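Q: Residue numbers (PDB author numbering), protein chains in the order written: chain o, 2 to 117; chain y, 11 to 84; chain m, 1 to 136; chain 4, 4 to 53; chain f, 2 to 178. Where a beta carbon is used, it is the ideal one built from N, C-alpha and C, also for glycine. Below is the structure I would like to discuss, written out as structure tokens.
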RNA sequence: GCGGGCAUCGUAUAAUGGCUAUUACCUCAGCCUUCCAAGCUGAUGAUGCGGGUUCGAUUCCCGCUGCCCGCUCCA
RNA sequence: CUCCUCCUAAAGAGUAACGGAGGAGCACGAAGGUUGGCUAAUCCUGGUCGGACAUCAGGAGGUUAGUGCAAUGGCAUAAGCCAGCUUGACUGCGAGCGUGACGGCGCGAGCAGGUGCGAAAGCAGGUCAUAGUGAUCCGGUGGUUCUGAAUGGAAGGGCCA
RNA sequence: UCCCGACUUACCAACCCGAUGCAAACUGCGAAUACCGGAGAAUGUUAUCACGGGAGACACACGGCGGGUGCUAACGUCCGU
RNA sequence: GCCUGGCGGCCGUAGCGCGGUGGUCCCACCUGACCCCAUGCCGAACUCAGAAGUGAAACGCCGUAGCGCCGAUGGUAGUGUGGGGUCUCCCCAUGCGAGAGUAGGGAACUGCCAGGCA
């Protein structure tokens, strides 16, 4: 019941981002990969996305799914959004504790430039 | 043994659907929710929904529980 | 006599008695005593007609009472004024619409039942007919 | 009702006080809070739960 | 320890054929064991449920958990929020070191232990038998204790029916009568 | 038209939340020729019945089984 | 006899009677704020004492629970439950409304000044909401260099609490 | 062997399952009307709002409809229209 | 073009049962936890390392109507306006018209990454 608990935590933080109308950087974490999307204020479809599942950011890495890999995506999703002109993004935990890989991914997007 | 009632609280819908409201206009006074705060609408401490923005009043059932929301559309 | 063992409220409003009944088919037995008039069946009347049916069939064959006295009728004492709160609950009625099956019966022949449902109908304040079960 | 009225007096030397209630028989600890003093426009410690 | 590694050799080739399983993730695994002391003597006295936690932090390795009461009842004069039981739960390789002491040490030393129960399973494949003696575990000893309070041990495993559970732990030489 | 206990054999405790506490009656025992008077040593209570709220009711909230003072008038 | 909740009340609001039922005259420095988690009642089975029920473990069940206090509207994004840190139970205001014959009462985004919570972003002007209350006068107590009956003070008054 | 309880009793009887009703303080449903808003045309001596001058009135009655109370009594009583 | 994953639209014709089924592509358990971290006890959970194993559980997809759920048509109830009959309560004209239940439907439908033959 790992996913049923996690979407219960997110679905209060997913709101106050629909009622605010904020661009959501959403992070999905999993044992061996790490995902991130940038989604428009509407709930419709994403603007930019980045992960380790692309083979660009596959063998640029020692291992997929650790904190140095999450900082690889952290530069990747941020540098690919600024070229589209998207900042003032809001980070969505999506039920994960902002502590480990997902802290390492939001930290490496704040360096690369995403206004939170 | 009986004989007591209270003053009537004048609850219910104050601005119905399609009505154009200013911001801050009270749209429904209620005790519980029975009406949830959609777009451009605050809930308030006694759950009095109110227009956060100018526009028209819009009721719609939406959600995984068929709950009645109230949006405001300019 | 019949009465609810408990209720959530001691007194009811008077209400009205508009409409037609919902339980109109002989559901359990073979022969029925359907109500064709409209009024109130006090629990004294339902019991008096329950004995008059049972005594006529000589304790033979099953007997259903399809109605229940669940309405508390109040009545103010004598020499008391109007007002001073609602009066005290003195008996219990069943509201009866046209079409209500009051009693049902099987296990007896029909001519013993039409005899026994004629003895019960003289105990009730409501005009009544004898109906038998229908497929559909 | 059976809660007395106390008088939260500021630490900033100004005479600005808040007033509030307190279960005196339950809680005998002097209630102290960091509240706002409009005379000095800083958050300061209010004390003296009467 | 090696009782944990008894699982990787001495059960798998042996319980692959007791039910003709599909996969090695099908072999009934042992998930947790919980060490309950239900102490209904902790309302009038308070200096003994800590004594029930004194040994439970020596019987098993860890600082024990005091449980609350979950519901105010009158048949036992407790409200809710009261210390009523004190359980410990054991996982990892430091549950099979404990479980080695329930095959090497414990079941020798139980009084009139002419048998080991087998109908004690709940029905889903979980064995929960308790011991009446807190003198039988040798971490604590003879010139120490005032009561003989004892405990429960619920074995939890990932079986489906209880004869998978009956034949899921006896393979670790847990005997039966 | 207020409601006070509906408490042990019997009478009085415990009526804003455990265990049930006095006094007689009593069953036994000793004094005495036998009774007394005694002096010792004990016995028992779904706490009228049953409903709620309660974690739990002698305890509250109604019922409601009788009762002791009530007041049922102005013409 | 004032207040709150339900029904009467006729699917907006309101609506009487010595109509039908209940409650209030508080509580809380946490039971408030926030942030991070969490999810019940009952039942079955297993069974150290342990019994219908203490605790533990599983299964069922899906809120029948819980909401400091009546009843109703709510409540899983929990408004329920647990800890971390805290004082926003802030000061000045307030577009705009709702509600009263009025006195009044209520809701309020936003702005200003400061503050708390996030190891980031992301809220808070008391509590799930609705009862928990008393106009004025007359005083009391602090504050205020507003008045200060010739002037300088003061007394008294005002204003603020 | 009071522990057995095998022998079974027109049975007290749950919870569940099926069928049958009733509710004002029941609602997994749900009208007609009424009410709010919007847009249209025709009609109506601005009927509508505001501000001001002067009022009276605040004992209502019955009749229809929806009801409370009463006895589905009252030329009864108390509301809504 | 099927397959998986995130985010949604939608809110039971979408749910549940029952049956079959999928692997390093993805996802899941899983290996280990020494430290970041953390359990009123447990690396269970959270979290961090890294892929030996398995698709058992979970999770998708495909079956099956067993259960929900959806559900006309006609009729009935009720009712606005108008006019009638009389304890109550109905009936006519006209307008609106259910609920329940039948027939039947129904095993949802849909906007980004990645995977593998195209």
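Let me know if residue 94 (chain m) comes out buried or exposed under the rule of 16 or more other beta-carbons within 10 Å of its beta-carbon.
A: Answer is buried; the Cβ neighbour count reaches 16.
Q: Who are the Cβ neighbours of residue 51 (chain 4) in its own chain at under 8 Å, not counting the five residues just before and after it?
A: Taken in chain order, the residues that qualify are 9, 10, 11, 12, 33.
Q: Tell me the rounded alpha-carbon separation between residue 40 (chain 4) and residue 15 (chain 4).
A: Rounded to the nearest angstrom, the two C-alpha atoms are 8 Å apart.
Q: From residue 74 (chain f) to residue 18 (chain y), what distance separates their C-alpha atoms?
A: Spanning the two alpha carbons is a distance of roughly 41 Å.
Q: Rounded to whole angstroms, what is the Cα-Cα separation between residue 161 (chain f) and residue 129 (chain f)?
A: For residue 161 (chain f) and residue 129 (chain f), the distance between alpha carbons rounds to 15 Å.
Q: Going by C-alpha distance, which of 63 (chain m), 37 (chain m), 129 (chain m) is nearest residue 107 (chain m)?
A: Here the closest residue by C-alpha is 63 (chain m).
Q: Compute the distance between the beta-carbons of residue 66 (chain y) and residue 28 (chain y), then report whether it is under 8 Å.
A: Yes, the Cβ-Cβ distance between residue 66 (chain y) and residue 28 (chain y) is below 8 Å.
Q: Touching or not, the region 113 to 122 of chain f and the region 90 to 101 of chain f, by the rule of three or more beta carbon pairs under 8 Å?
A: Not touching, per the Cβ criterion.
Q: Which value, in whole angstroms, describes the spacing of the CA atoms of residue 82 (chain m) and residue 74 (chain m)?
A: Cα to Cα, the separation comes out at about 14 Å.
Q: Could you give the distance in angstroms between the alpha-carbon of residue 53 (chain 4) and the alpha-carbon of residue 37 (chain 4)?
A: Using only the alpha carbons, I get a separation of about 17 Å.
Q: Tell me the DSSP secondary structure of residue 64 (chain o) in three-state form.
A: Note: residue 64 (chain o) maps to coil in three-state DSSP.
Q: In chain order, what residues of the same chain lie with their CB nearer than 7 Å to the CB of residue 17 (chain 4), ignoring the 5 residues before and after it?
A: So the qualifying residues of the chain are 40, 42, 43.
Q: Taking the beta strand (DSSP E) that residue 132 (chain f) belongs to, which residues open and close that run?
A: Per DSSP, residue 132 (chain f) belongs to the beta strand (DSSP E) from 127 to 132.
Q: Rounded to the nearest angstrom, what separates residue 1 (chain f) and residue 29 (chain 4) at their Cα positions?
A: Any answer about residue 1 (chain f) is impossible in this case: the structure gives chain f only from 2 up to 178.
Q: Should residue 55 (chain y) be counted as a contact of the ligand NAD given a C-beta to heavy atom distance under 7 Å?
A: The model on display carries no ligand, and the ligand NAD is accordingly not part of it.
Q: Let me know if residue 64 (chain o) comes out buried or exposed under the rule of 16 or more other beta-carbons within 10 Å of its beta-carbon.
A: With fewer than 16 other Cβ atoms within 10 Å, it is exposed.
Q: Is it the case that the Cβ atoms of residue 68 (chain f) and residue 88 (chain f) are separated by a distance below 8 Å?
A: Yes; because the gap between Cβ atoms is below 8 Å, this pair is in contact.
Q: Have a look at residue 102 (chain o) and residue 9 (chain o) and give me their C-alpha separation to the nearest angstrom.
A: Each residue's Cα considered, the two are about 20 Å apart.
Q: Is the beta carbon of residue 110 (chain m) less than 8 Å from the beta carbon of residue 31 (chain m)?
A: Yes. Within cutoff.
Q: Where DSSP assigns a beta bridge to residue 118 (chain f), which residues make up the other side?
A: DSSP, once it has assigned bridges, lists no residue as partnering residue 118 (chain f).
Q: Smallest Cα separation from residue 77 (chain m): which of 28 (chain m), 92 (chain m), 88 (chain m)?
A: Cα-wise, what sits closest to residue 77 (chain m) is 88 (chain m).
Q: Look up residue 184 (chain f) in the DSSP assignment and say whether it is helix, strand or coil.
A: Given that chain f is displayed from residue 2 to residue 178, the structure contains no residue 184 (chain f) and the question cannot be resolved.
Q: Checking 8 Å against the spacing of the C-beta atoms, do residue 72 (chain m) and residue 10 (chain m) come in under that value?
A: Cβ atoms of residue 72 (chain m) and residue 10 (chain m): closer than 8 Å.
Q: Over the uninterrupted beta strand (DSSP E) stretch that includes residue 54 (chain m), give me the two end residues.
A: It is not in any beta strand (DSSP E) - residue 54 (chain m) instead sits in the alpha helix (DSSP H) that spans 43 to 56.
Q: Are the CB atoms of residue 39 (chain o) and residue 28 (chain o) nearer to each other than 8 Å?
A: No, these two residues do not count as a Cβ contact at 8 Å.
Q: Could you please give me the residues that DSSP links to residue 72 (chain m) through a beta bridge?
A: For residue 72 (chain m), which the question treats as bridged, DSSP gives the partners 92 (chain m).
Q: Taking contact to mean at least 3 C-beta pairs separated by less than 8 Å, is the region 103 to 117 of chain f in contact with the region 13 to 26 of chain f?
A: Counting Cβ pairs under 8 Å, fewer than three are found: no touch.
Q: Tell me whether residue 43 (chain m) is buried or exposed, calling it buried when 16 or more other Cβ atoms sit within 10 Å of its Cβ.
A: It is buried - the Cβ of residue 43 (chain m) has at least 16 other Cβ atoms within 10 Å.
Q: What does the Cβ neighbour count give for residue 105 (chain m), buried or exposed, with the cut at 16 atoms within 10 Å?
A: Result: buried.
Q: Terminal residues of the continuous alpha helix (DSSP H) containing residue 65 (chain y)?
A: Per DSSP, residue 65 (chain y) belongs to no alpha helix (DSSP H); it is in the beta strand (DSSP E), 65 to 71.
Q: Quick check on this structure: which residue in 147 (chain f), 20 (chain f), 52 (chain f), 163 (chain f) has the alpha carbon closest to the alpha carbon of residue 127 (chain f)?
A: With distances taken between Cα atoms, residue 127 (chain f) lies closest to 163 (chain f).
Q: What are the partner residues of residue 87 (chain f), as DSSP defines its beta bridges?
A: Answer by DSSP bridge pairing, in chain order: 38 (chain f), 67 (chain f).
Q: Drop a sphere of 10 angstroms on the beta-carbon of residue 178 (chain m), count the other beta-carbons inside from all chains shown, and report buried for 16 or more, exposed for fewer.
A: This structure does not reach residue 178 (chain m), given that chain m is present from 1 up to 136, and the question cannot be answered.
Q: For residue 5 (chain o), count neighbouring C-beta atoms within 10 Å of its own C-beta (all shown protein chains included) and say buried if the count is 16 or more, exposed if not.
A: By the neighbour-count rule (16 or more Cβ atoms within 10 Å), residue 5 (chain o) is not buried but exposed.
Q: Evaluate contact between the region 22 to 38 of chain f and the region 136 to 153 of chain f, counting only Cβ atoms and requiring at least three cross-stretch pairs below 8 Å.
A: Touching, yes, given that three or more Cβ pairs across the two stretches are closer than 8 Å.
Q: Ends of the alpha helix (DSSP H) at residue 52 (chain o)?
A: From DSSP, residue 52 (chain o) is part of no alpha helix (DSSP H) but of the beta strand (DSSP E) over 47 to 52.
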